[PDB]
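Engineer: Quick one: this structure, given as C-alpha cells, is what I'll be asking you about.
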Amino acid sequence: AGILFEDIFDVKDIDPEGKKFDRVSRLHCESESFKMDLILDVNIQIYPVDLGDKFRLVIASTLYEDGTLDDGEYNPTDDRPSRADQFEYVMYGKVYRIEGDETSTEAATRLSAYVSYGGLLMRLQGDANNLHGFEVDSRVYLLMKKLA
Amino acid sequence: XXXXXXXXXXXXXXXXXXXXXXXXXXXXXXXXXXXXXXXXXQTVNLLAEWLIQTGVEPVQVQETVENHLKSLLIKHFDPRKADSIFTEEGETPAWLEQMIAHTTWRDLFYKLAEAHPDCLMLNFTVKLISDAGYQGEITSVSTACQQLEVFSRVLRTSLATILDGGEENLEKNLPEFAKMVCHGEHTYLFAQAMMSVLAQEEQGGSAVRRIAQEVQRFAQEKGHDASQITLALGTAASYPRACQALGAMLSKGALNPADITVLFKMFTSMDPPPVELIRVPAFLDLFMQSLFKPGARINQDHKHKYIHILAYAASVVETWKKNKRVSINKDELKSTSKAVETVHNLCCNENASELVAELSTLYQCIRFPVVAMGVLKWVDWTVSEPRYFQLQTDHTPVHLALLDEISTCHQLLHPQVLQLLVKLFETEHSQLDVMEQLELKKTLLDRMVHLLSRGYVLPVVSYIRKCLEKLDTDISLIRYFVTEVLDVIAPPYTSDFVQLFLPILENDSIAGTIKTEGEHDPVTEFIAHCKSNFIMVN
Amino acid sequence: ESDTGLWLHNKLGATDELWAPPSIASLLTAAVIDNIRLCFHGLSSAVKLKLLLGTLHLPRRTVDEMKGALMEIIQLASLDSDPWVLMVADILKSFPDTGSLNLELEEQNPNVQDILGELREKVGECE
C-alpha cells in the first residue's frame with residue numbers, strides 16, 4: 001500500500017575505496033534473491049552496520065499505511081499509524097535519476113535508479129520489472145531493518 | 001479470364017490459385033492481378049547491363065550492386081516477426097540454393113542481426129558453411145560462435161592461420177583470434193583444453209603453448225579470472241596444496257610473503273613438484289612487479305626465499321623419461337640467486353652514482369635472461385616516470401646503455417625492447433627543450449639502430465615506415481635513422497630488407513641523406529644495389 | 001531455499017554476460033548444491049553452464065567436502081542433449097575427483113577427433 005519496492009539485501013562491502021566521511025559510509029550490497037546491487041549511504045553513528053549483515057529494505061511512497069500521500073512537512077505530532085514502527089532506520093529523500101541499459105530501438109532491461117536522502121546517495125541497479133515503481137523527481141522513503 | 005496483366009505474369013503462381021478459386025468479391029484479386037503497373041522492367045533491369053555496355057563499366061560490378069541492393073532490401077524488409085516461422089516451415093530449396101550461390105554475407109548478416117530466432121535457418125546456414133570447404137569462413141562473428149560444430153572448426157582454421165603465420169602474425173591475428181575464445185568463458189575452457197591436448201606433444205607443441213599463454217594474457221586483460229582454469233588444465237593440480245596456493249595468489253594478482261613461504265617449504269626438499277607449475281609466465285610477471293618496481297620495498301627476511309624461487313623457476317633442468325624425472329640439477333641457481341640478489345640490491349639502493357659505479361657488475365648480471373628481463377622491466381618502470389628526463393649526462397643514455405646490453409646478450413627480449421623504445425618515442429616529453437626533445441629522439445633512434453644491428457631489423461624498419469607514412473613524426477629523425485643505418489651496413493642484402501627499406505629512402509627526403517660523407521658513398525650505393533637486385537624497381 | 005531453480009535463474013540468468021560471474025563461491029553452498037541436484041533438469045542451459053563453470057572456481061576444501069554431490073550434478077549434466085553442457089561435463093567430470101581437468105576428450109565426439117587429427121598434422125609440419 002504505497003510501497004514501490006521491497007527486497008532483502010546482504011551487505012558485501014562497506015566503503016571499500018577508503019572512508020571519505022567518518023559519520024556516513026556507503027554500503028555495496030547484493031540482493032538475497034533478485035540479483036540487484038544497492039549502494040547506500042548510511043549514518044554509522046546512530047545506526048551501525050557491519051559487514052556480512054542482512055537487512056530488509058522497503059522503498060515506500062509514504063509511511064502512512066493507508067497511502068494518504070503527505071506533502072513532506074515535518075509533523076512530529078501526527079499519531080496516524082505509519083509503517084516506520086515496523087522498521088528502525090527511515091530515510092526520506094527524492095529520486096533524482098533513472099538511467100538504464102537502453103537502446104534507441106528496443107526497451108531497457110537493467111535499470112539504475114538514483115536517490116538522494118538529503119545528501120546521502122543511494123544507487124539501486126536492478127531489473128526493470130522490479131524498479132518500475134520509480135519515477136524521476138518523486139519523494140520516497142527508505143525503511144531498512146537489519147535481521148539475523 | 002482476366003486478361004489484365006502488364007508484368008504480373010512473373011507472379012503467375014499465387015495469381016493462378018487466386019484465379020481459378022477467386023469467388024465472392026475479387027476486387028483485391030484483380031487489383032493485385034494488375035499491381036505491376038510498370039512495364040517489363042524485370043527485363044529492362046537486364047537491359048541496364050546492355051546500357052552499361054555503352055557506359056563506362058560493363059563489368060560484374062553492376063550485378064554486384066544489384067545483389068547488394070537485394071541484400072539491403074532483404075535486411076530492410078527482413079521478416080523479423082515470422083523469421084523463425086519462415087525458417088522452420090520450408091527451408092529445403094531456398095536456404096540451400098542461397099547458401100550454394102549467395103553465401104557471401106547474406107546469412108552471415110542475418111545471423112549477425114538477431115541470432116536468437118530462426119534456429120532452422122541458423123542451423124541450415126551453419127551446416128552449409130560446414131559444407132563449405134575452407135572454414136566457418138563466412139561465419140566470422142563473435143556471437144555466432146555459440147554452436148559447437150561451428151566454433152570447433154572456426155577454432156581449427158584460426159589455429160591453422162596463426163600457426164602458419166608465425167611471430168609476425170602473432171601480433172596481428174591474436175586479437176582477432178582472442179575475441180572469439182574469450183567471449184564465453186566456456187569457449188575459453190574448450191579452447192584451453194584443446195591447447196593442453198595439443199601441447200601434450202614435444203614435436204611443435206611449444207607454439208601451441210605460446211598461443212595458449214597469449215590467450216590467457218588476453219583473458220587477464222579483458223577481465224577473466226582465468227588462472228584457475230589455467231591451473232586446472234595443468235599437471236600442477238596433481239600436487240594439490242601448492243596449486244591451491246597458486247590459485248589463491250593468482251586470483252589476487254599479488255604476492256603474499258606467507259604464501260611464498262608455503263611454496264618455499266614445498267620446494268628445496270627431496271620431493272620437488274614438477275617444474276612446469278612455476279614456469280607459468282603471469283606468475284613470473286607478478287614476481288617482476290613485486291620485486292623490481294623502483295618503489296615496492298621487500299622486507300629483507302623472506303627476500304632470499306623470493307630470489308631462490310625465481311632461481312629455481314629459471315634455472316633447473318629435468319629429464320621426463322616416461323612421466324618421471326631421474327636427473328635434475330641445482331648447480332647454477334646459486335649463480336642465478338647471486339645475480340638476482342645483486343640486481344635487486346641495485347634496484348633497492350636507488351643511488352645513481354652507485355648505479356654508474358657498479359655498472360660492470362650489472363653487465364655481469366645481464367648475461368642471465370631472467371636478470372635481463374627484470375632489468376628491462378625496472379628500466380621500463382624507471383624511465384617511463386613522467387618528468388624523469390631532468391638528470392642529463394649525454395641526454396641520460398645510462399639506462400639506455402642497459403637497453404643496449406639487454407639487446408646484446410639475448411634475442412628473445414627484442415620485442416619487449418622495441419616496445420619500450422617505441423613507447424618512449426611516441427611519448428611527448430613536456431617541460432623539455434624542443435632541441436632537447438629532438439636529441440632524446442636521436443638517442444632512442446641510436447638504440448633502435450643498435451637493435452637493428454643485432455639481427456632484429458624488420459619490425460624496427462616496419463615501425464620507421466609506419467611512422468613516416470601513418471601519423472608522421474619528424475622527418476629529421478627518420479633521416480638520422482637512415483644516416484646511422486647506412487653508415488654501418490654492407491652488401492649482400494636480403495630481399496625483405498630491401499623491399500622494406502626502399503620506400504622510406506626513395507620517397508620523402510631524398511636530398512637530406514647526403515651532405516658531407518665522401519669517403520664512403522651515401523644512399524647512391526644502396527640505390528645501385530637495389531637496381532642490381534630486383535627486376536626494374538619491381 | 002524454496003523455488004531454488006528460479007533463484008539460480010535469477011542470480012545467474014543474465015544471458016548478456018557469458019563469463020563465470022564473481023562471488024560464485026558465495027553463491028554455491030553445499031545446501032544450495034543439494035537443492036540444485038533435484039531441480040537440475042529444469043533450469044536453462046546458459047544458467048546450467050554458468051553453474052558448471054562456477055563449480056571450478058570453488059576453493060579446494062569446499063570441493064573436497066561434498067564432491068559426491070558435484071559428481072552427481074556432473075552425471076546429470078552428461079545426459080543432457082545440449083552440446084555445450086555435454087562437452088563441459090566431459091571436461092569437468094575429473095575436476096572434483098582428481099583436481100585436474102580431463103585431457104582424454106577423444107571418445108564419443110567426432111569433433112575432437114577432427115580437430116586433433118588436423119592439428120596433429122599441422123603441428124607436425126610447422127616445427
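Every chain in the C-alpha cells has a letter given in the order shown (A, B, ...), and although residue numbers restart at 1 in each chain, ligands are simply numbered from 1 in the order shown.
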At a cut-off of 7 Å, using only C-alpha atoms, what residues contact region 29-31 of chain A? Leave out same-chain residues fewer than 3 positions from it and give the result as a list in words.
Structural biologist: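 Once the nearby chain positions are removed, what remains is residues 8, 9, 10, 11, 12, 13, 34, 35, 36, 37, 38 and 39 of chain A.
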Engineer: Let me make sure I understand: among C:15, C:44, C:108, C:113, which one has the smallest atom-to-atom distance to residue 78 (chain C) if we use only C-alpha atoms?
Structural biologist: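 For residue 78 (chain C), the nearest of the candidates is C:108.
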Engineer: Tell me, as a count of residues only, which residues lie within 7 Å of region 81-94 of chain A, counting only C-alpha atoms; anything in the same chain fewer than 5 positions away does not count.
Structural biologist: 16
Engineer: Taking only C-alpha atoms into account, report as a ChimeraX atom specification which residues of chain C lie within 10 Å of chain A.
Structural biologist: /C:4,6-14,23
Engineer: Those residues with C-alpha atoms, as a PDB file, in the first residue's frame please?
Structural biologist:
```
ATOM      1  CA  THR C   4      15.729 -22.549  -5.985  1.00  0.00           C
ATOM      2  CA  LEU C   6      14.112 -19.710 -10.148  1.00  0.00           C
ATOM      3  CA  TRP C   7      16.764 -18.452  -7.718  1.00  0.00           C
ATOM      4  CA  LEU C   8      19.610 -19.793  -9.870  1.00  0.00           C
ATOM      5  CA  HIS C   9      17.887 -18.435 -12.988  1.00  0.00           C
ATOM      6  CA  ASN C  10      17.559 -15.071 -11.236  1.00  0.00           C
ATOM      7  CA  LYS C  11      21.102 -14.764  -9.857  1.00  0.00           C
ATOM      8  CA  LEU C  12      22.783 -16.318 -12.910  1.00  0.00           C
ATOM      9  CA  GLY C  13      20.429 -15.946 -15.869  1.00  0.00           C
ATOM     10  CA  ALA C  14      21.629 -12.626 -17.253  1.00  0.00           C
ATOM     11  CA  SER C  23      31.015 -14.193  -5.850  1.00  0.00           C
TER      12      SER C  23
END
```
